[PDB]
Amino acid sequence: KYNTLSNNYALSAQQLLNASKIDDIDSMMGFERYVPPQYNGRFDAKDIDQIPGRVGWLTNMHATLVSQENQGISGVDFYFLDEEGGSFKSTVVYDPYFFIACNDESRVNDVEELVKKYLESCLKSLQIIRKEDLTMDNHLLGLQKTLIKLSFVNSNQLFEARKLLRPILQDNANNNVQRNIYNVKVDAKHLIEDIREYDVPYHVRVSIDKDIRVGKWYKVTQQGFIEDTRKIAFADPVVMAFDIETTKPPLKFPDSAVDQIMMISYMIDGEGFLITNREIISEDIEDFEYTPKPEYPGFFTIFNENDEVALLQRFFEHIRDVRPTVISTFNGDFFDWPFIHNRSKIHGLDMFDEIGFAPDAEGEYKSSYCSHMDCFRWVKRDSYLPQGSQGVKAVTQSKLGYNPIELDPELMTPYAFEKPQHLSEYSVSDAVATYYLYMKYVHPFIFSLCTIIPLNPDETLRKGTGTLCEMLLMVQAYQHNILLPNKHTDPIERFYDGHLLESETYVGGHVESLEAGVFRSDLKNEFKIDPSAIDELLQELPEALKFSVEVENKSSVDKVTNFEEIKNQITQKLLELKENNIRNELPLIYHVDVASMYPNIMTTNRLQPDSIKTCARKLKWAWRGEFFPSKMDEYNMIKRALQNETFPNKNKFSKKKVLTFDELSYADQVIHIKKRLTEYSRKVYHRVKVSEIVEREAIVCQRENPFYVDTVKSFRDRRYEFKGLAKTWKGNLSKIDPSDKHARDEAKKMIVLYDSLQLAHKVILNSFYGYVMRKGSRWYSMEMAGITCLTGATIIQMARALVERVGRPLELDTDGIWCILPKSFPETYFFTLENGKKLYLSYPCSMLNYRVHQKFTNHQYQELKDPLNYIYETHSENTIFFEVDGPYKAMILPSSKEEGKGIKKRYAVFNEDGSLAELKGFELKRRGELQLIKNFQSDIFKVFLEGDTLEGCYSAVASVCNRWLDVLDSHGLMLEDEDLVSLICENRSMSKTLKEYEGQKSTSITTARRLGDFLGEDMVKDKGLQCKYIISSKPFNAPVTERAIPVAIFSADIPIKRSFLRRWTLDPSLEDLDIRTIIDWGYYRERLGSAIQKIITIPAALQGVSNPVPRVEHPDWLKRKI
DNA sequence: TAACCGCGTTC
DNA sequence: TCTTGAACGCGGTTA
Ligand SMILES: Nc1ncnc2c1ncn2[C@H]1C[C@H](O)[C@@H](COP(=O)(O)OP(=O)(O)OP(=O)(O)O)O1
Ligand SMILES: [Ca+2]
Ligand SMILES: [Ca+2]
């Protein structure tokens, strides 16, 4: 066992040891390993109650190693809650395996005989299996690839086999030995083509192959787990959510080496607790209540403990008592868990021994028996909030519907002494926000996703949405006996017309800014209808209205009883627009947007990677390349120069110290070529890279195995369910008298939840599109991605061509159009059936959908109708539909400050309600914008509603515009300094650490440097640094990069403040230290200026209005036009 | 100037 | 190791 001459003895011993500690920890938390009783009877699912075993709700799984009870045996532990409120775990053992592919299927026995002997040391078993290969000729006729399936006792032996085979695999494509040159059987090694399914994580392999999912109920029996399809609802796990608050020096981050834990707030199954560190918290806190809304009950019991070690002993003892199987936190992986771990180490406690939590290979904290649900991981991936709204406060407002307690971090340590009850109140607010966010958003979503994705809750919360897509597809391939492709790898080098490409992609979404300014439900607009368009709509009308009834409402025209009246109402309204083209009336503010655009384009056209090759449907995409201007001549020039040079060894642990170019990896060579071809091309030409768009054509086989596209259709439908439930409940709130309140607040709460669930499905669904372009994708197709995008572009431009003939489109982006139609354009109508029921009709929506189905329907969709005889039918598939929302009270579109340009992805929209309907792209939404423009925008957009005329509204908005410019002209204020610095500060997140930006300049890089010089180097040691700065006046003539002054200096001791200010301002004589005298008011004038222009001034000129805010000047390009 | 970058949006 | 995509706005810096 401990023989130091054995391969992998130290790794085997340790991996078995870790399994033994986990078995010991699970046992303490009430997860004994349960072996079901012996039963040698019928192994069927019906009469489940006859078969002995234990019923459980599956709450977790982990890979492990068991001993035979030499090496360990690979298995997965499954963690169950039982029907009598107990818990247990059960182990399934399962040989890890991968495939060998052969080029000669006639000599499979020979390669089998070789590998059996070559892999004696690590191979266990070997077997011939067959699988469908979607790259194989005539696979559609039932022909199968023949594979050698290599099995192992554990995951290490499988990795040992991979290390032994890679030598063989490389010489088979880099060696053809010569010997007798006049000889005009082939060795068995060379028949080895490839290995397949060799990198599937073990626990995924077991979850997929055995069809087990967390979230589902099983009876554990001698023959296997048997899903109890009668068990409905999840079991109720013990859930625990905690927040810690630590001491920290003024202006500095906590450091667990020195800083103490003050308190731990937590909730368990809705009951609140607070532990206090009495060495820091001035007094015993008593049992109090925080219930911010009656559905969020917050009664807390206090444990006043004597010191930090008693606080940690209390936390740990309580966890062992309640035995939680979920523990939830907010950013607990990055802060709370590592802090507790360090304070545990310092006081001589082992956190693993106490509660079985420990850091994993990614530094995240995890246990065997208990999921760690970091709500922040759900906020980043699933909540659909902008990064500016991912804090506790904004998440709580948005999802829970209330303001949680907030406290300046600089007051938190002082307040433990001066205001312990205030701090305890805050701490307990953090626990309450966390517990209820997990219970109402994270818990249902993640545990339900587990029932279809073969991952445990920890991985289902944290894995990329691409990886979630990949897992779903891997189940479908497996269950259809489809062989998995290996992970894709980018070609190290590609050429376009003898030039070396720097980057390849495709043309994506089509987006247009057409008009700027104000549009209102009451303010009138001018139109010029194209008469042609009305004749076409009249020719299309009888088929468009039929289409509406039959396709959009799945009805029949036999049962509609007001068809001709509707047709004539619309027909009369159209005929008037043809005679009276030039009109000036009330505009109707409308939005049309295709439901699930890319997934339905994919679905409609049978788009999937394996389908890209009469089964031929030819679709176009727009390839965009970026390449070096140099020809092949000049490339071979640069290469030859590099071959005369020497290069640092990437291996420190050698006396070599220098490599030749040829000795470098192909990749590292190409990196060196790219560096050189850059600088060369700047000297023989103007530009480092030239782009070029080439339209390409691809074949989409309509017959291929549709496992990929079917998965997308399935997940689309999963999302639609919650989309309709959102609508269903938005309909119920419209039929409720404002007064009820009880029925109002239940509905408003149900709409938030189903919008949240449908939006949580949106990024995963759309990642099925992006997954074909992901690094390491098993199903990579740049063609598929380009086809989806170009088709979307063609569709949205067809829509705009119609709308701009019968109305005025304002802004268009990928699948969406904001426009104004005349008040006298046929709008909303209701059909009547022979059963008294009704059918919605928006003519402006249906006029488009009719044209979409006329022009973008796939008439070549094939489906296998008889799998035994291989009989396909062909049908017509089209699931592409515009949805209409509105009409809306007002929409305001900014304009650029450069000539004949617009702003895309930025606008505001109001209901007749007065309520803000939409706000996009604007700094007030974004993270870390100057708070002035935030608060400005936050205020000015809402006042576009007040006034009677267009000049009237542009001057009512100008009143606020001048009042905001009357804070900034004061070079100061008439309100206090604590609310000045906040109005004037700029946050700006550094995604990385300060050392990794070397050779770059920015307001952030500077603020970080200066913060490190004044408060210590360990202030910039971590990534995600918030750089809270002001920009100085001095040096007067220096780049704005310099003059980034960390606003924290204005909270520093006088002699530190003065010394650093002087050192940065380059002014040794400076005495005046007031914040009002160092601010470059010229910079902030230009930036509130440049906002007021784009939202008020330049739009006014576009809508034939004199500058309604004369304080701000028009640019020269505009003024030389007026 | 023209080209380019980092952040954080809208799709 | 793990890793969805492109298009765009804004304020920056560099040969
Ligand atoms: N996060 C994303 N990842 C990849 N593609 C995306 C993403 N968001 C949007 N897209 C692409 C694919 C979508 O079909 C298209 C239109 O986006 P959008 O209209 O916001 O959503 P959608 O049309 O898919 O759903 P819906 O309109 O029903 O909310 O843009
Ligand atoms: Ca907190
Ligand atoms: Ca859409």
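The chains referred to below are lettered A, B, ... by the order of the sequence lines, with proteins before strands, and numbering in each begins at 1. Just so it is clear, the values below take in all heavy atoms, side chains as well, and ignore hydrogens, waters and symmetry mates.
- Using a 4.0 Å cut-off, no side-chain N or O of A/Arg682 falls inside it from OP1 or OP2 of C/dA15.
- Shown here for A/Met782 and A/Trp621, the closest heavy-atom pair between the two residues is CG-CZ3, 3.8 Å.
- North is the pucker class for the sugar of C/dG5, given a positive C1'-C2'-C3'-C4' value.
- When the P atom of C/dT3 is taken as reference, atom OH of A/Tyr780 falls 18 Å away, rounded to whole Å.
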Next item on the list: Evaluate the side chain to side chain contact (heavy atoms under 4.5 Å, CB included) criterion for residues A/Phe628 and A/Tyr685: first the C-alpha distance (whole Å), next the side-chain angles of each, then the deciding distance (0.1 Å), finally the verdict.
Entry: CA-CA 10 Å; A/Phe628 295 100; A/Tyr685 321 82; over 6 Å; no
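- Of the two residues contacting DNA chain C, namely A/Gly509 and A/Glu923, the nearest-nucleotide position lying further toward the 5' end is that of A/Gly509.
- No hydrogens or angles considered: a donor-acceptor pair under 3.5 Å links the side chains of A/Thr604 and A/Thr879.
- Contact check, A/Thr467 against C/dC2: no side-chain N or O comes under 4.0 Å of OP1 or OP2.
- Set against C/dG9, C/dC8, C/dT3, the side chain of A/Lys905 has C/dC8 as its closest nucleotide.
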Note to self: I'd like to know whether A/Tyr496 forms a ring-ring contact (aromatic ring centres under 6.0 Å, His included) with A/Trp623, so could you lay out the CA-CA distance, the side-chain angles of the two residues, the decisive distance to 0.1 Å, and finally the verdict.
What the structure shows: CA-CA 12 Å; A/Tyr496 179 56; A/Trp623 170 90; 4.9 Å; yes
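- A sub-4.0 Å separation between OP1 or OP2 of C/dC10 and a side-chain N or O of A/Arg926 is absent.
- The NZ-P distance, from A/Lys1023 to B/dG6, rounds to 16 Å in whole Å.
- In this structure, A/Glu1086 atom CD and C/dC10 atom P are separated by 13 Å, rounded to whole Å.
- For the pair A/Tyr506 and C/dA7, the criterion of a side-chain N or O lying under 4.0 Å from OP1 or OP2 is not met.
- Applying the 4.0 Å criterion to OP1 and OP2 of B/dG6, one finds that A/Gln1000 has a side-chain N or O inside that range.
- At a threshold of 4.0 angstrom between heavy atoms, the contacts of A/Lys487 include nucleobase atoms, whether or not backbone atoms are also involved.
- Distances from the side chain of A/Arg1087 to the nucleotides C/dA6, C/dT3, C/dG11 place C/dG11 closest.
- Comparing C/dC2, B/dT9, C/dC10 against the side chain of A/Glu362 picks out C/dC2 as the nearest.
- Rounded to a whole Å, the CZ atom of A/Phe922 is 11 Å from the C1' atom of C/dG9.
- Distances shown here put a side-chain N or O of A/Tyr997 below 4.0 Å from the OP1 or OP2 atom of B/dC7.
- Toward the 5' end of DNA chain C, the nearer of the two residues A/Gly508 and A/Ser777, judged by each one's closest nucleotide, is A/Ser777.
- The side chain of A/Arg624 lies closest to C/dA7 when the candidates are C/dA7, C/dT13, C/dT4.
- With rounding to whole Å, A/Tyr685 atom OH is found 21 Å from B/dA2 atom P.
- If you check every strand for non-hydrogen atoms under 4.0 Å, A/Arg906 touches sugar and phosphate atoms only.
- Annotation for A/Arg778 and A/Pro485: closest pair NH1-O, 2.8 Å, computed over non-hydrogen atoms.
- At the heavy-atom level, A/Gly466 lies under 4.0 Å from the strands shown only through sugar-phosphate atoms.
- Here B/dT9 counts as north. Its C1'-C2'-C3'-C4' torsion is positive.
- Looking at heavy-atom distances under 4.0 Å, A/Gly388 makes contact with sugar-phosphate atoms alone, never a base.
- For C/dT1, the OP1/OP2 oxygens have no side-chain nitrogen or oxygen of A/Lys775 closer than 4.0 Å.
- Put simply, A/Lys904 has a side-chain N or O that comes within less than 4.0 Å of OP1 or OP2 on C/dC8.
- Comparing B/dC4, C/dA7, B/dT9 by their closest approach to the side chain of A/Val507 singles out C/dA7.
- The residues A/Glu364 and A/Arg462 are annotated as salt-bridged, a charged nitrogen and a carboxylate oxygen being separated by less than 4.0 angstrom.
- A close approach under 4.0 Å does not occur between any side-chain nitrogen or oxygen of A/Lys1001 and OP1 or OP2 of B/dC5.
- Note: CD1 (A/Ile933) to P (C/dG11) measures 7 Å, nearest angstrom.
- Going from atom NE2 of A/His510 over to atom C1' of C/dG5 covers 18 Å, rounded to whole Å.
- As judged by a 4.0 angstrom heavy-atom cut-off over every strand, A/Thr788 is placed among residues making no nucleic acid contact.
- In this structure, the side chain to side chain contact (heavy atoms under 4.5 Å, CB included) partners of A/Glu898, at least two apart in sequence or on a different chain, are A/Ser896, A/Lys901.
- Nearest approach of A/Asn600 to A/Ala595, heavy atoms of both residues: ND2-O, 3.1 Å.
- For A/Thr1041, the listed nucleotide lying nearest its side chain is C/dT13; candidates were C/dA7, C/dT13, C/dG9.
- Across all strands, A/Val772 comes closer than 4.0 Å to no nucleic acid atom at all (heavy-atom distances).
- In this structure, A/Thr505 reaches the C/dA6 phosphate: one of its side-chain N or O atoms is under 4.0 Å from OP1 or OP2.
- If you take CZ of A/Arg927 and P of B/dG8, they are 4 Å apart, rounded to a whole angstrom.
- Residue note: C/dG12 shows a north-type sugar, the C1'-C2'-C3'-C4' torsion being above zero.
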